[PDB]
Amino acid sequence: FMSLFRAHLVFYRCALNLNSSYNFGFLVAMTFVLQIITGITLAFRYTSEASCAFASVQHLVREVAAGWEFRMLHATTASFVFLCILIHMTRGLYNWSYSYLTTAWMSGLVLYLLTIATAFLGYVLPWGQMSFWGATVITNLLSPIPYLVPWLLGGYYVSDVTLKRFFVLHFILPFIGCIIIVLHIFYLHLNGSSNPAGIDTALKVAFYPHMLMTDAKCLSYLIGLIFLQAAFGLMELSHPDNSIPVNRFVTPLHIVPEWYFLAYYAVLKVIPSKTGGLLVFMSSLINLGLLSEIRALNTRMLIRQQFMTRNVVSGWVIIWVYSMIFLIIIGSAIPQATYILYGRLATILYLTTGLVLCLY
Amino acid sequence: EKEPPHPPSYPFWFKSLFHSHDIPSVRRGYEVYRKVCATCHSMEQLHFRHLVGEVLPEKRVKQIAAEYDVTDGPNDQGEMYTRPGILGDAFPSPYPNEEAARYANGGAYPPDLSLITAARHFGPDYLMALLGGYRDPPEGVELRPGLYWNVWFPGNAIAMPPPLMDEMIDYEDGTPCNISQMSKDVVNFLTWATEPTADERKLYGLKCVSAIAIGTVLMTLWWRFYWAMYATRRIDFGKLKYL
Amino acid sequence: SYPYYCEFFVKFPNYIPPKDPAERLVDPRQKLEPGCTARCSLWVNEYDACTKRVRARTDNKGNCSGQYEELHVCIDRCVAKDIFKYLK
Amino acid sequence: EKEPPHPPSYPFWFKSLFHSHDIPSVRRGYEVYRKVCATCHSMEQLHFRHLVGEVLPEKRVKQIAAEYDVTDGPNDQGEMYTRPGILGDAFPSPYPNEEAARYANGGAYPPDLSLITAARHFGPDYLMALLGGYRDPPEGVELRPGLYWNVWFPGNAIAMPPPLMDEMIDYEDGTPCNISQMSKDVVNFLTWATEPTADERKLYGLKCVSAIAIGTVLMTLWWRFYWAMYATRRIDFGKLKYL
Amino acid sequence: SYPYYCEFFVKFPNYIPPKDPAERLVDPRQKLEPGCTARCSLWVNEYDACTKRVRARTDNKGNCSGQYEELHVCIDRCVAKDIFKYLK
Amino acid sequence: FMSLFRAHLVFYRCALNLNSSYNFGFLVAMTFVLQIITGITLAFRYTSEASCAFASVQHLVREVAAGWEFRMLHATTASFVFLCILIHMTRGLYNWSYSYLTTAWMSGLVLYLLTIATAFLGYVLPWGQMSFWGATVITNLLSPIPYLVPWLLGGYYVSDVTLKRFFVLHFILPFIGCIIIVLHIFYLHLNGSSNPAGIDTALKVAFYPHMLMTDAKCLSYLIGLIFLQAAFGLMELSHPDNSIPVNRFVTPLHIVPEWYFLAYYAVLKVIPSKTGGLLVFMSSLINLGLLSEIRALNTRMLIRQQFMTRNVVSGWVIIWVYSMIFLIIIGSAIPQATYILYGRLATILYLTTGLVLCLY
């Protein structure tokens, strides 16, 4: 396999005008590696038994040498997984990368859904108040689908049997993801990568050493920022209620999931209908997938350069980004008629921008 | 409902990157817990051995543990008995179960305080403000017995009576006692008890983040070393211009 | 998931010794409250004015919790600026 | 030491591939456990609901459960209380802990009998022989009080007194009682209690092993179908011999 | 890990009714033991002979456990052949 | 990957005189598959907590629908894993397959050690008397190596922490084995398989359909015998003491491991020295590995045909097989001076036969 290693990581030729916007695929991969290493290590001392799960995490931190380091690194790195993915996807929408890298885009979307499901499974394991009540709610939005809920839990409620099986699935899915990363890379190197200017060019150079040293430089920043946050606690990435034991007969005063799920949780909150809110979920994913066939949606021949430079009409991806930020604020607020009004305003922009990306 | 008010920022020593816990104040806050708060609140995750070499010396911790009666067994005859405490025992709990706790506090349950500063928004600043926020009710609000008005508690109506009052215990180091002093001290103790590994964590981070930063500079130089050979390259079409 | 979150640019104060050790047997909040009560006077008046409007209504409805909460929050924030100067 | 003797093979109905448990005898063995063995032995894995529709009908099981006093709680005041039993309760245990059991049996612990026929070599045959193996000691062997001689127990010296004697209980179906009858019945009950899923397991296996066998025959024919075209093939060198 | 292990070629017997129902109030092992005791007589004599050799020794050593165990094992195996014929 | 599938499982050519002695590699592979399927299913309801492990297995059998089937299939199939491997290895020693299939032999030996370790980890999980006391003993034979014991357990005795980590390792190792099976097949198809007569030949035919139907026929017998034993219990493959809860202060009257570990456990029992018994363990593995270089140990050119047919001097592999059977009987017996004498007699044959296989 060493001829494959040198063909794809040493002698592979790349355009000279690459920059840091093309380095975040490597960073995501490295976050998976770090999670697998720290995750397996945590598994040696975790207990899936509901009556003792919450206690096994605390005892791990308070009694075991270096136990605090593996627990806090696993929690912090999870946040960096989703930040890197977000920047990774936004580059593609800025450069219309899916125009000719079609199966790379689709394979990526599957990886995104796999990572969402993995993170949701992991957040239930510590078995605090937010673990229990967040799983109860998010698993009810899927109620319109018949009998899709009572079986995944194996009971009449998020009981102790659900926790045992969420542990096994959480263990397994990341390694399946590693298989799909191989397909992702297959579809990319089939066509070759694009560049920031959106042109064909013969001014290319080998990956090693020029481009390999840019990936290495970015890795340093990632490791330093993870350890900075992990060891000092500068930002508030976790909710305090998950430091409280589960109580099935007392709901917390404010239920909100992790930040990387907040925006779409707000969209589903401002739509009163429960069935209409789930249809909105499918339409959004369908729109992202349809971009793989953007060449065929109009007979005019497209170009990769979108001309956002010095342009006062901006671009649709930029307008989406600010609508997402606006909804993260709404999702973190107490329900109030005024918040609901503006939340619906932003939801329209959040959805319309996706649809018009298929037009040109 | 509405969003509760954000508590003010008090200058606790530990809030800086380069700072440790204030141990003299942690010691005094442990006297406050033992003589006031422990009557209604448990700290089930803490053990006497946790205090040795970090807050109090060993011989002093033994004397404190032995002043309690702890249940142990079963004996050879299959019965239970009591004995004085030892370093391996947990902090004693005032009630056997949650139902007994509510019965003695008018139906309200005093929560366990083992992770209390990690279990509330704003943490120690909230606890400091709470302890000094009891006021008389405003015009138009009448509360039934067992409830009290507090500036910072969500909803304003709390079931805990005011726990602190000026002059009630005598510190061992001679520090004069008052409501504000006891509040600052008990907060420091409970912040330490929420995570005793905080000082080890911060000192290791300083060594690590500084090392990584230096390596980041070196890798930047190594990258620009290779960037310059293609950024200064000349390519001519047709004929050679300059050497 | 942390006991506290570290902060930048915190001013750590210097302890002010008293004259008689017996002076600090009373809460030193009493010395700072009068001055802090005068600086929040904009809310002292909104509260006193809302009491009159409620005392005059015929029905038994109305309260002053809103104005009362804002007033005492202003004072607590003024006290926090200096309270630790008098605590060991 | 030496290898203990192998017990004899008794013709229990369940020993055949095609056979089920003998339920009339399982019923009588449950009376023997309740009135003799339960005084010293627990069966902590069994619950009253396990008997319904498989050994006894529902209304009869309720009457048996209600004849016991079971501890439950805590109540609203954080106290414990007692109540009659229900289908959801476990078989009652005679002692609270192991230390109390030994104290009442001269230091010997009567083991739990929830998996007893799976926890000894030769299983039910051993239990049948044990129960009828008490004899007087041989010449030269003197045992101290609390020990008894048994043919089949390893070492011969056992601390259980002879539990059965002729005429001691009255079966409900009218079967005359004697030591040998009670032994056969109590063994059947304890074999069922070791695994109540035995009948479901055996009936599913008959359907499966028969199907798989038939498919094995069909695959044998399909293999020989292709074997014959190369086993009957002719290859000639130089010139063609036969067509 | 199994409650029992199934066997091949087991002879399941037919029940022999009694004459008077009160007859089976005594253990039916008594009827079969005499006949089974005569067929194991080769061990009845080895046991009686070992008792004499032990009764004659001067010191207080020796026993007959070995011969005793073989004798009663022979009898139990003879009874098992037919005991279930008289049990419901 | 479909061109690899058809190249190696459809059009691959094989000698016409193959028979059932060449079908047991496929059967072993299928046993791994069955174990992975049933193992993962058991993991959904197993508890590694020592105080509740033993109870979680019983509750699984007594309360859960079809719980008895997955528990008994996993236990029975493990025995068939080792029987197939034994027949698989014996064919190689009968035909001197390692003469030219050198790296296939070595890779196989690594797979054998991986399977031994996996089975040992799994037998401790149910947490009965034999689980605890068998791990305590087998982990003391490794005492001569310094500090190789107190760390694998993470305590002063086979405590509750050892059980948590044996669960994770047991989960992981089988999938590593699946990786090494790929190498095993790489080294085999590099040279091509041998045949029962030991000759080169051009009378070969394609794998599909002729040879594929023989593998299928054998699979039927395997599935039928596994279900026969699993659902009726004809043989005694497990020890009764493991149906008893752990007691740290009461040793059982007779400690013996599973049958597939008995023979070498007997060898180590008749050698009084503890350090000399472990050296005997290394020498045996070293002998098996050295057979990969049998061509070089003598200048005479070897042949694959060993001429056991109608030969009154038999062959060394046959003599080994009967010495192994003889020791399984000794290992299952109570210690007695007479048993020890004959056990040493057989141990000499057990070891000498291995050494003389390197001579010709």
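Letters A, B, C, D, E and F mark the chains in the order given here, with residues in each chain numbered from 1 onward.
We take it that a residue touches a chain if its C-beta (ideal position, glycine included) is under 8 Å from a C-beta of that chain, and two chains touch if they have at least 3 such contacts.
Set side by side, A-B and B-C show the greater C-beta contact count at B-C.
With centres taken as mean Cα positions, chain C sits 44 Å from chain A. A straight line joining the Cα centres of chain D and chain E is 24 Å long.
Note: centroid distance chain C to chain D, computed from Cα atoms, is 75 Å.
The geometric centre of chain D is 32 Å away from that of chain F, both derived from CA atoms. With touch defined as above, residues shared between interfaces to two or more other chains in chain F number as follows: 72, 232, 243. Touching of two or more other chains is recorded for residues 17, 118, 123, 195 of chain D.
Multi-chain contact residues of chain E, defined as those touching 2 or more other chains: 1-2, 4-6.
Contacting chain pairs in the structure are A-B, A-C, A-F, B-C, B-D, D-E, D-F, E-F. Residue ranges of chain E in contact with chain F, taken from their complex: 1-2, 4-6. Partner chain B is touched in their complex by these residues of chain C: 1-7, 10-13, 21-22, 24-29, 47, 50-51, 54-55, 62-65, 67-69, 72-73, 76-77, 80, 83-84, 86-88. Within the complex formed with chain C, the chain A residues making contact are 72, 75, 232-238, 240, 242-243. The residues of chain F lying in touch with chain A in their complex are 40, 43-49, 52, 161, 164-165, 168, 171-172. On chain D, the positions that touch chain B within their shared complex are 74-79, 95-101, 103.
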